[PDB]
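Next comes query10.txt, a file with compact mmCIF, C-alpha atoms and all ligand atoms.
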# COMPACT_ATOMS: atom_id res chain seq x y z
CA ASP A 174 254.75 -28.67 100.59
CA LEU A 175 250.96 -28.83 101.04
CA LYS A 176 250.67 -25.05 101.04
CA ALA A 177 252.32 -25.00 97.62
CA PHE A 178 250.13 -27.91 96.51
CA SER A 179 246.89 -26.20 97.55
CA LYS A 180 247.85 -23.06 95.64
CA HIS A 181 248.96 -24.83 92.48
CA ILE A 182 245.59 -26.58 92.38
CA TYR A 183 243.66 -23.44 93.25
CA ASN A 184 245.25 -21.72 90.25
CA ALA A 185 244.44 -24.71 88.04
CA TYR A 186 240.89 -24.13 89.24
CA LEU A 187 241.01 -20.42 88.50
CA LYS A 188 242.28 -21.09 84.99
CA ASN A 189 239.84 -23.83 83.98
CA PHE A 190 236.42 -22.89 85.35
CA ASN A 191 234.50 -19.98 83.89
CA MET A 192 232.27 -19.53 86.92
CA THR A 193 233.91 -19.26 90.35
CA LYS A 194 231.94 -19.24 93.58
CA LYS A 195 233.16 -15.78 94.59
CA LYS A 196 231.63 -14.38 91.41
CA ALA A 197 228.49 -16.51 91.50
CA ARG A 198 227.76 -15.54 95.10
CA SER A 199 228.05 -11.82 94.40
CA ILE A 200 225.67 -12.10 91.44
CA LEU A 201 223.10 -14.00 93.50
CA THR A 202 223.27 -10.97 95.79
CA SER A 206 225.71 -7.25 94.03
CA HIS A 207 226.78 -5.92 90.61
CA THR A 208 224.24 -6.55 87.83
CA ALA A 209 221.01 -8.59 87.59
CA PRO A 210 220.59 -11.91 85.67
CA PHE A 211 217.64 -12.80 83.42
CA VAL A 212 215.11 -14.97 85.25
CA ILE A 213 213.85 -18.08 83.44
CA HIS A 214 210.50 -19.47 84.67
CA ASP A 215 208.55 -20.61 81.59
CA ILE A 216 208.53 -21.25 77.83
CA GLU A 217 208.34 -17.49 77.28
CA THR A 218 211.46 -16.55 79.25
CA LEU A 219 213.48 -19.68 78.50
CA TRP A 220 213.36 -18.87 74.79
CA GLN A 221 213.86 -15.19 75.47
CA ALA A 222 217.10 -16.34 77.11
CA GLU A 223 218.10 -18.55 74.17
CA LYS A 224 217.43 -15.77 71.66
CA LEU A 235 219.75 -28.14 70.65
CA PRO A 236 218.18 -31.48 69.69
CA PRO A 237 214.49 -31.65 68.68
CA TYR A 238 212.20 -31.31 71.70
CA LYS A 239 208.40 -31.56 71.81
CA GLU A 240 207.78 -30.10 75.27
CA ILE A 241 209.20 -27.77 77.92
CA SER A 242 210.37 -30.53 80.28
CA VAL A 243 212.46 -32.34 77.66
CA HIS A 244 213.75 -28.93 76.59
CA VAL A 245 215.11 -28.24 80.07
CA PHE A 246 216.52 -31.77 80.02
CA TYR A 247 218.63 -30.80 77.04
CA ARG A 248 219.64 -27.59 78.84
CA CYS A 249 221.13 -29.39 81.84
CA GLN A 250 223.07 -31.60 79.45
CA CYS A 251 224.60 -28.51 77.86
CA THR A 252 225.59 -27.33 81.31
CA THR A 253 227.10 -30.69 82.25
CA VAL A 254 228.95 -31.22 78.98
CA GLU A 255 230.70 -27.86 79.30
CA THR A 256 231.51 -28.72 82.90
CA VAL A 257 232.88 -32.14 82.02
CA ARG A 258 235.17 -30.25 79.66
CA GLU A 259 236.37 -27.71 82.21
CA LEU A 260 236.82 -30.58 84.67
CA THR A 261 239.03 -32.48 82.23
CA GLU A 262 241.19 -29.40 81.71
CA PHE A 263 241.24 -28.85 85.45
CA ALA A 264 242.05 -32.48 86.18
CA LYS A 265 244.90 -32.17 83.70
CA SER A 266 246.29 -28.95 85.20
CA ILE A 267 247.38 -30.97 88.21
CA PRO A 268 250.65 -32.78 87.20
CA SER A 269 250.42 -36.09 89.09
CA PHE A 270 246.99 -36.81 87.53
CA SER A 271 248.23 -36.59 83.95
CA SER A 272 251.08 -38.96 84.84
CA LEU A 273 248.52 -41.72 85.31
CA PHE A 274 247.75 -43.95 82.34
CA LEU A 275 245.45 -42.22 79.89
CA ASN A 276 242.94 -45.01 80.50
CA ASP A 277 242.74 -44.49 84.26
CA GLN A 278 242.73 -40.75 83.58
CA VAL A 279 239.55 -41.36 81.60
CA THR A 280 238.21 -43.74 84.25
CA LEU A 281 238.61 -41.21 87.06
CA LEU A 282 236.79 -38.57 85.03
CA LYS A 283 234.07 -40.91 83.84
CA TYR A 284 233.06 -42.09 87.33
CA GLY A 285 233.89 -38.94 89.27
CA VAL A 286 232.80 -36.36 86.72
CA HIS A 287 229.21 -35.90 87.95
CA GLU A 288 230.20 -35.72 91.62
CA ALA A 289 232.55 -32.90 90.73
CA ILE A 290 229.68 -31.29 88.81
CA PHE A 291 227.02 -31.18 91.56
CA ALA A 292 229.55 -30.07 94.15
CA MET A 293 230.55 -27.09 92.04
CA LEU A 294 227.08 -26.40 90.70
CA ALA A 295 226.15 -25.89 94.33
CA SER A 296 228.22 -22.72 94.07
CA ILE A 297 225.78 -21.58 91.39
CA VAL A 298 222.73 -22.85 93.30
CA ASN A 299 220.61 -21.02 95.85
CA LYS A 300 217.40 -21.74 97.79
CA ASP A 301 215.16 -20.26 95.06
CA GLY A 302 217.04 -21.25 91.91
CA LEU A 303 220.38 -21.48 90.11
CA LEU A 304 222.46 -19.35 87.75
CA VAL A 305 222.80 -20.41 84.12
CA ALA A 306 225.02 -19.40 81.21
CA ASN A 307 227.74 -18.22 83.60
CA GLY A 308 225.39 -15.93 85.52
CA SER A 309 223.63 -14.51 82.47
CA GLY A 310 220.35 -15.92 83.72
CA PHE A 311 218.62 -17.42 86.75
CA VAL A 312 216.36 -20.47 86.45
CA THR A 313 213.85 -20.45 89.30
CA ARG A 314 213.43 -23.59 91.38
CA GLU A 315 209.63 -23.19 91.24
CA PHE A 316 209.79 -23.55 87.45
CA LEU A 317 211.82 -26.75 87.74
CA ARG A 318 209.35 -28.24 90.23
CA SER A 319 206.56 -27.67 87.71
CA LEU A 320 207.94 -30.02 85.05
CA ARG A 321 206.59 -33.52 84.33
CA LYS A 322 207.32 -35.81 87.29
CA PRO A 323 210.22 -37.62 85.59
CA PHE A 324 212.16 -34.38 85.15
CA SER A 325 210.86 -32.31 88.04
CA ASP A 326 212.20 -34.64 90.72
CA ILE A 327 215.54 -35.44 89.11
CA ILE A 328 216.77 -31.87 89.45
CA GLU A 329 215.31 -31.35 92.93
CA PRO A 330 217.65 -33.58 94.94
CA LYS A 331 220.53 -31.43 93.71
CA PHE A 332 218.79 -28.35 95.15
CA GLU A 333 218.51 -29.92 98.60
CA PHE A 334 222.13 -31.03 98.38
CA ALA A 335 223.55 -27.70 97.25
CA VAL A 336 221.64 -25.83 99.96
CA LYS A 337 223.01 -27.98 102.77
CA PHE A 338 226.45 -28.03 101.11
CA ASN A 339 226.72 -24.27 100.64
CA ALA A 340 226.02 -24.10 104.36
CA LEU A 341 229.53 -25.29 105.23
CA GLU A 342 230.42 -22.01 103.53
CA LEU A 343 233.54 -23.11 101.66
CA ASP A 344 235.28 -20.88 99.12
CA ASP A 345 236.98 -21.53 95.79
CA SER A 346 240.28 -22.27 97.53
CA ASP A 347 238.63 -25.17 99.33
CA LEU A 348 236.54 -26.31 96.37
CA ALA A 349 239.67 -26.62 94.23
CA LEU A 350 241.03 -29.18 96.65
CA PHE A 351 237.62 -30.73 97.26
CA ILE A 352 236.94 -31.53 93.61
CA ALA A 353 240.51 -32.74 93.17
CA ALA A 354 240.00 -35.21 96.01
CA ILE A 355 236.84 -36.34 94.18
CA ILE A 356 238.22 -36.78 90.69
CA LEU A 357 241.22 -38.61 92.06
CA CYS A 358 239.28 -41.42 93.70
CA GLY A 359 241.21 -44.67 93.51
CA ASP A 360 237.97 -46.46 94.32
CA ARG A 361 236.45 -46.16 90.85
CA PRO A 362 235.85 -49.50 89.10
CA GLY A 363 238.35 -50.34 86.37
CA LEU A 364 241.47 -48.52 87.52
CA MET A 365 244.75 -50.10 86.44
CA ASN A 366 247.19 -48.47 88.83
CA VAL A 367 244.81 -48.14 91.76
CA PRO A 368 247.69 -47.63 94.24
CA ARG A 369 249.07 -44.60 92.38
CA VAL A 370 245.65 -42.98 92.37
CA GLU A 371 245.23 -43.60 96.10
CA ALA A 372 248.70 -42.10 96.52
CA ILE A 373 247.74 -38.92 94.67
CA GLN A 374 244.43 -38.66 96.51
CA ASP A 375 246.05 -38.94 99.93
CA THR A 376 248.25 -35.99 99.06
CA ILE A 377 245.19 -34.01 97.99
CA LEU A 378 243.32 -35.07 101.12
CA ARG A 379 246.28 -33.89 103.19
CA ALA A 380 246.40 -30.58 101.35
CA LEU A 381 242.65 -30.41 101.91
CA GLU A 382 243.01 -31.24 105.60
CA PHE A 383 245.79 -28.72 106.14
CA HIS A 384 244.19 -25.94 104.09
CA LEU A 385 240.83 -26.14 105.85
CA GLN A 386 242.26 -25.98 109.36
CA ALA A 387 244.07 -22.91 108.07
CA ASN A 388 241.42 -21.14 105.99
CA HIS A 389 238.55 -22.01 108.37
CA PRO A 390 240.21 -22.31 111.83
CA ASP A 391 236.96 -22.07 113.82
CA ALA A 392 235.23 -24.80 111.81
CA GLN A 393 236.52 -27.67 113.96
CA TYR A 394 234.94 -30.62 112.13
CA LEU A 395 234.75 -29.14 108.66
CA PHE A 396 237.10 -31.80 107.31
CA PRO A 397 235.37 -34.97 108.53
CA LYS A 398 232.11 -33.20 107.72
CA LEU A 399 233.25 -32.27 104.21
CA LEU A 400 234.41 -35.83 103.55
CA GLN A 401 230.88 -36.91 104.37
CA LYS A 402 229.46 -34.49 101.83
CA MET A 403 231.81 -36.25 99.46
CA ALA A 404 229.96 -39.43 100.41
CA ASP A 405 226.55 -37.80 99.93
CA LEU A 406 227.67 -37.01 96.39
CA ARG A 407 228.74 -40.56 95.62
CA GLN A 408 225.21 -41.43 96.72
CA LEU A 409 223.64 -38.44 94.97
CA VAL A 410 225.16 -39.43 91.64
CA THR A 411 224.27 -43.10 92.01
CA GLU A 412 220.62 -42.09 92.38
CA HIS A 413 220.97 -39.60 89.55
CA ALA A 414 222.38 -42.22 87.19
CA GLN A 415 219.45 -44.47 88.07
CA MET A 416 217.04 -41.65 87.20
CA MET A 417 218.95 -40.99 84.00
CA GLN A 418 218.52 -44.68 83.37
CA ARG A 419 214.74 -44.47 83.78
CA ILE A 420 214.52 -41.34 81.65
CA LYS A 421 216.30 -43.24 78.90
CA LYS A 422 213.99 -46.20 79.39
CA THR A 423 210.65 -44.38 79.76
CA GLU A 424 211.18 -41.13 77.84
CA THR A 425 212.21 -42.83 74.60
CA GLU A 426 211.97 -39.43 72.85
CA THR A 427 214.91 -37.93 74.73
CA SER A 428 218.59 -38.63 74.08
CA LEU A 429 221.91 -37.50 75.55
CA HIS A 430 225.03 -35.79 74.23
CA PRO A 431 227.45 -38.51 73.02
CA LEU A 432 229.87 -37.39 75.74
CA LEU A 433 227.27 -38.12 78.42
CA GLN A 434 226.46 -41.18 76.39
CA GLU A 435 230.01 -42.33 77.08
CA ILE A 436 229.93 -41.55 80.80
CA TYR A 437 226.60 -43.30 81.34
CA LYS A 438 227.81 -46.54 79.76
CA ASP A 439 228.02 -47.40 83.45
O1 LIG B 501 223.09 -35.92 83.67
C1 LIG B 501 223.72 -34.97 83.18
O2 LIG B 501 224.96 -34.93 82.99
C2 LIG B 501 222.93 -33.72 82.76
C3 LIG B 501 221.62 -33.61 83.54
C4 LIG B 501 220.44 -34.11 82.98
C5 LIG B 501 219.24 -33.99 83.68
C6 LIG B 501 219.22 -33.37 84.92
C7 LIG B 501 220.39 -32.87 85.48
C8 LIG B 501 220.32 -32.23 86.72
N1 LIG B 501 219.57 -32.62 87.75
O3 LIG B 501 219.75 -31.71 88.82
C9 LIG B 501 220.64 -30.77 88.39
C10 LIG B 501 221.01 -29.65 89.13
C11 LIG B 501 220.04 -28.89 89.76
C12 LIG B 501 220.39 -27.77 90.50
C13 LIG B 501 221.73 -27.40 90.61
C14 LIG B 501 222.71 -28.16 89.98
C15 LIG B 501 222.35 -29.28 89.24
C16 LIG B 501 221.00 -31.08 87.08
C17 LIG B 501 221.96 -30.26 86.22
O4 LIG B 501 222.74 -30.81 85.44
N2 LIG B 501 221.90 -28.94 86.41
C18 LIG B 501 222.74 -27.99 85.67
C19 LIG B 501 221.90 -27.33 84.57
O5 LIG B 501 220.76 -26.70 85.17
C20 LIG B 501 219.92 -26.11 84.27
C21 LIG B 501 220.41 -25.41 83.17
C22 LIG B 501 219.54 -24.76 82.30
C23 LIG B 501 218.17 -24.80 82.54
CL1 LIG B 501 217.08 -23.98 81.47
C24 LIG B 501 217.67 -25.49 83.64
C25 LIG B 501 218.55 -26.15 84.50
CL2 LIG B 501 217.93 -27.02 85.86
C26 LIG B 501 221.59 -32.99 84.78

When written as structure tokens, how does the structure in this file appear?
Ligand SMILES: O=C(O)Cc1cccc(-c2noc(-c3ccccc3)c2C(=O)NCCOc2ccc(Cl)cc2Cl)c1
Amino acid sequence: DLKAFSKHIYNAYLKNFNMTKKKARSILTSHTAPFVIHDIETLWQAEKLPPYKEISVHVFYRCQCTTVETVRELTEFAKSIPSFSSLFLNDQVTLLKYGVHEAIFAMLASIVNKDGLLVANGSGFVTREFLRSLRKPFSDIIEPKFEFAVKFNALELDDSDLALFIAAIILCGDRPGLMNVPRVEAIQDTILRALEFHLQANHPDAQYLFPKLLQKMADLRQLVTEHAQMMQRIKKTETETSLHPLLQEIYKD
């Protein structure tokens, strides 16, 4: 039953991610106010990490922290869904490795907002204007994600949808190096059907939300590809930086 499949996943989502969209959205609106980060002053105030010699590189190390923690929650999430863990440990790793960042930007969108994004599970808010004022290499690597999130959040999906959405992303039998490609495709088609079903149910007036959402899934594949290339260049031109060994493993390709 797809209805039972969409709920089981949704709960796996509720149990593995610290920041849900429901919560994030209310903060970015009400309840209590986050600490705004817009310069050396405030960023440290908020932190009151590898060796950094400037603000830009510093923020670079921040994002990594955010993405490492997310890769962790995503692994736990990806494991909470039975079928996935049945796959060979290798492929399990493959799926995560190549789909990890797509799952990250899609969810981070839930934390994003026109003027900035929430950090440390809502504790603070890093303004977009601050990010645009960093050395060219770093300023424009974060920006694309802002434009993506904004358009993405527009489809106005909720955690119940996201749960399925990121599942359909992590379980992509199209990643390079999969052993049992067919079994992955099998699992994904179930997810995609639970996704299909669920949407038409949860958002009945959004007629093309599904084919439209699948496209956003494509924009992410593209978004990450460009991101990896920029990571590449930051590794090549900003010899002073470095990346968490975990990210070091994911960016081996
Ligand atoms: O490649 C990695 O795995 C890590 C990495 C390295 C360099 C740039 C980005 C990257 N490019 O755009 C994004 C991005 C932008 C807007 C919304 C969502 C994502 C991020 C990203 O991972 N952001 C999360 C942390 O946001 C933080 C946290 C703390 C601070 Cl003080 C500042 C920032 Cl901006 C990620």

**Q.** For residue A:196: contacts at 10 Å, only C-alpha atoms, fewer than 3 positions along chain excluded, given as an NGL selection string
**A.** :A and (191-193 or 199-201 or 206-207 or 296-297 or 307-308 or 345)

For the contact check between chain A and ligand LIG 501 (chain B), emit one row per residue of chain A within 8 Å, containing the shortest atom pair and the distance in Å rounded to one decimal, counting only C-alpha atoms and all ligand atoms, chain then rising number order, as JSON lines.
{"residue": "A:213", "atom": "CA", "partner": "B:LIG501", "partner_atom": "CL1", "distance": 7.0}
{"residue": "A:219", "atom": "CA", "partner": "B:LIG501", "partner_atom": "CL1", "distance": 6.3}
{"residue": "A:244", "atom": "CA", "partner": "B:LIG501", "partner_atom": "CL1", "distance": 7.7}
{"residue": "A:245", "atom": "CA", "partner": "B:LIG501", "partner_atom": "CL1", "distance": 4.9}
{"residue": "A:246", "atom": "CA", "partner": "B:LIG501", "partner_atom": "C5", "distance": 5.1}
{"residue": "A:247", "atom": "CA", "partner": "B:LIG501", "partner_atom": "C4", "distance": 7.0}
{"residue": "A:248", "atom": "CA", "partner": "B:LIG501", "partner_atom": "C22", "distance": 4.5}
{"residue": "A:249", "atom": "CA", "partner": "B:LIG501", "partner_atom": "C19", "distance": 3.5}
{"residue": "A:250", "atom": "CA", "partner": "B:LIG501", "partner_atom": "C2", "distance": 3.9}
{"residue": "A:251", "atom": "CA", "partner": "B:LIG501", "partner_atom": "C19", "distance": 7.3}
{"residue": "A:252", "atom": "CA", "partner": "B:LIG501", "partner_atom": "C19", "distance": 4.9}
{"residue": "A:253", "atom": "CA", "partner": "B:LIG501", "partner_atom": "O2", "distance": 4.8}
{"residue": "A:254", "atom": "CA", "partner": "B:LIG501", "partner_atom": "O2", "distance": 6.8}
{"residue": "A:287", "atom": "CA", "partner": "B:LIG501", "partner_atom": "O2", "distance": 6.6}
{"residue": "A:290", "atom": "CA", "partner": "B:LIG501", "partner_atom": "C15", "distance": 7.6}
{"residue": "A:291", "atom": "CA", "partner": "B:LIG501", "partner_atom": "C14", "distance": 5.5}
{"residue": "A:294", "atom": "CA", "partner": "B:LIG501", "partner_atom": "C14", "distance": 4.8}
{"residue": "A:295", "atom": "CA", "partner": "B:LIG501", "partner_atom": "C13", "distance": 6.0}
{"residue": "A:297", "atom": "CA", "partner": "B:LIG501", "partner_atom": "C13", "distance": 7.1}
{"residue": "A:298", "atom": "CA", "partner": "B:LIG501", "partner_atom": "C13", "distance": 5.4}
{"residue": "A:302", "atom": "CA", "partner": "B:LIG501", "partner_atom": "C12", "distance": 7.5}
{"residue": "A:303", "atom": "CA", "partner": "B:LIG501", "partner_atom": "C13", "distance": 6.1}
{"residue": "A:304", "atom": "CA", "partner": "B:LIG501", "partner_atom": "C21", "distance": 7.9}
{"residue": "A:305", "atom": "CA", "partner": "B:LIG501", "partner_atom": "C21", "distance": 5.6}
{"residue": "A:306", "atom": "CA", "partner": "B:LIG501", "partner_atom": "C22", "distance": 7.7}
{"residue": "A:312", "atom": "CA", "partner": "B:LIG501", "partner_atom": "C24", "distance": 5.9}
{"residue": "A:314", "atom": "CA", "partner": "B:LIG501", "partner_atom": "CL2", "distance": 7.9}
{"residue": "A:317", "atom": "CA", "partner": "B:LIG501", "partner_atom": "CL2", "distance": 6.4}
{"residue": "A:324", "atom": "CA", "partner": "B:LIG501", "partner_atom": "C6", "distance": 7.1}
{"residue": "A:327", "atom": "CA", "partner": "B:LIG501", "partner_atom": "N1", "distance": 5.1}
{"residue": "A:328", "atom": "CA", "partner": "B:LIG501", "partner_atom": "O3", "distance": 3.1}
{"residue": "A:329", "atom": "CA", "partner": "B:LIG501", "partner_atom": "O3", "distance": 6.1}
{"residue": "A:330", "atom": "CA", "partner": "B:LIG501", "partner_atom": "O3", "distance": 6.7}
{"residue": "A:331", "atom": "CA", "partner": "B:LIG501", "partner_atom": "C11", "distance": 4.7}
{"residue": "A:332", "atom": "CA", "partner": "B:LIG501", "partner_atom": "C12", "distance": 5.0}
{"residue": "A:335", "atom": "CA", "partner": "B:LIG501", "partner_atom": "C13", "distance": 6.9}
{"residue": "A:413", "atom": "CA", "partner": "B:LIG501", "partner_atom": "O1", "distance": 7.3}
{"residue": "A:414", "atom": "CA", "partner": "B:LIG501", "partner_atom": "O1", "distance": 7.3}
{"residue": "A:417", "atom": "CA", "partner": "B:LIG501", "partner_atom": "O1", "distance": 6.6}
{"residue": "A:433", "atom": "CA", "partner": "B:LIG501", "partner_atom": "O2", "distance": 6.0}

Q | A:438, A:427, A:333, A:190 ranked by distance to residue A:255, top pick (using all atoms listed in the file) | A | A:190

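You will find atom CA of residue A:277 at 13.8 Å from atom CA of residue A:372.
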
Compile a residue-level contact table for stretch 331-353 of chain A against stretch 379-389 of chain A at a cut-off of 8 Å, reporting for every qualifying residue the shortest atom pair and its distance in Å to one decimal, with only C-alpha atoms counted, rows ordered by chain and ascending number, as JSON lines.
{"residue": "A:347", "atom": "CA", "partner": "A:385", "partner_atom": "CA", "distance": 6.9}
{"residue": "A:350", "atom": "CA", "partner": "A:381", "partner_atom": "CA", "distance": 5.6}
{"residue": "A:351", "atom": "CA", "partner": "A:381", "partner_atom": "CA", "distance": 6.9}

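Nearest to residue A:265 of all the residues A:358, A:197, A:281, A:222 is A:281, counting all atoms listed in the file.
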
Could I get the residues of stretch 190-256 of chain A with an atom no further than 9 Å from an atom of stretch 422-426 of chain A, each paired with its nearest atom pair and that distance in Å to one decimal, using only C-alpha atoms, sorted by chain and residue number, as a Markdown table?
| residue | atom | partner | partner_atom | distance |
| --- | --- | --- | --- | --- |
| A:238 | CA | A:426 | CA | 8.2 |
| A:239 | CA | A:426 | CA | 8.7 |
| A:243 | CA | A:426 | CA | 8.6 |

Go ahead and write the residues just picked, C-alpha atoms, as a compact mmCIF listing (two decimals), in the frame of the given file.
# COMPACT_ATOMS: atom_id res chain seq x y z
CA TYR A 238 212.20 -31.31 71.70
CA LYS A 239 208.40 -31.56 71.81
CA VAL A 243 212.46 -32.34 77.66

Q. Of the candidates A:341, A:175, A:371, A:411, which one gets nearest to residue A:397 if we count only C-alpha atoms?
A.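 Smallest distance to residue A:397 is found for A:341.
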
Q: Give the answer as one residue: which of A:344, A:223, A:439, A:405 has the shortest atom-to-atom distance to residue A:310, using all atoms listed in the file?
A: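 Closest residue, counting all atoms listed in the file: A:223.
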
**Q.** Among listed residues A:420, A:377, A:363, A:289, nearest residue A:177 (using all atoms listed in the file)
**A.**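 Smallest distance to residue A:177 is found for A:377.
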
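Closest approach to residue A:268 from the set A:364, A:353, A:436, A:378 is made by A:353, with distances taken over only C-alpha atoms.
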
Q. What does the distance between atom CA of residue A:334 and atom CA of residue A:299 come to in Å, to one decimal place?
A. 10.4 Å

Q: Work out how far atom CA of residue A:189 is from atom CA of residue A:375, in Å to one decimal.
A: 22.8 Å

Complete the atom set of stretch 327-338 of chain A to N, CA and C atoms and return it as a compact mmCIF listing (two decimals), in the frame of the given file.
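What ended up in part.txt:
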# COMPACT_ATOMS: atom_id res chain seq x y z
N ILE A 327 214.19 -34.94 89.32
CA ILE A 327 215.54 -35.44 89.11
C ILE A 327 216.46 -34.28 89.44
N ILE A 328 215.98 -33.06 89.19
CA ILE A 328 216.77 -31.87 89.45
C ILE A 328 216.69 -31.46 90.92
N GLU A 329 215.54 -31.71 91.54
CA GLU A 329 215.31 -31.35 92.93
C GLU A 329 216.33 -31.83 93.97
N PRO A 330 216.68 -33.12 93.94
CA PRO A 330 217.65 -33.58 94.94
C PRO A 330 218.90 -32.71 94.97
N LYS A 331 219.34 -32.27 93.80
CA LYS A 331 220.53 -31.43 93.71
C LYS A 331 220.33 -30.11 94.46
N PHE A 332 219.10 -29.60 94.46
CA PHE A 332 218.79 -28.35 95.15
C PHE A 332 218.93 -28.53 96.65
N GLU A 333 218.43 -29.65 97.17
CA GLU A 333 218.51 -29.92 98.60
C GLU A 333 219.96 -30.16 98.99
N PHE A 334 220.72 -30.78 98.09
CA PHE A 334 222.13 -31.03 98.38
C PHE A 334 222.89 -29.72 98.44
N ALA A 335 222.86 -28.98 97.34
CA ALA A 335 223.55 -27.70 97.25
C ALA A 335 223.27 -26.81 98.45
N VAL A 336 222.00 -26.67 98.82
CA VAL A 336 221.64 -25.83 99.96
C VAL A 336 222.37 -26.23 101.23
N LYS A 337 222.33 -27.51 101.57
CA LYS A 337 223.01 -27.98 102.77
C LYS A 337 224.53 -27.84 102.61
N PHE A 338 225.02 -28.10 101.41
CA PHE A 338 226.45 -28.03 101.11
C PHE A 338 227.00 -26.61 101.21
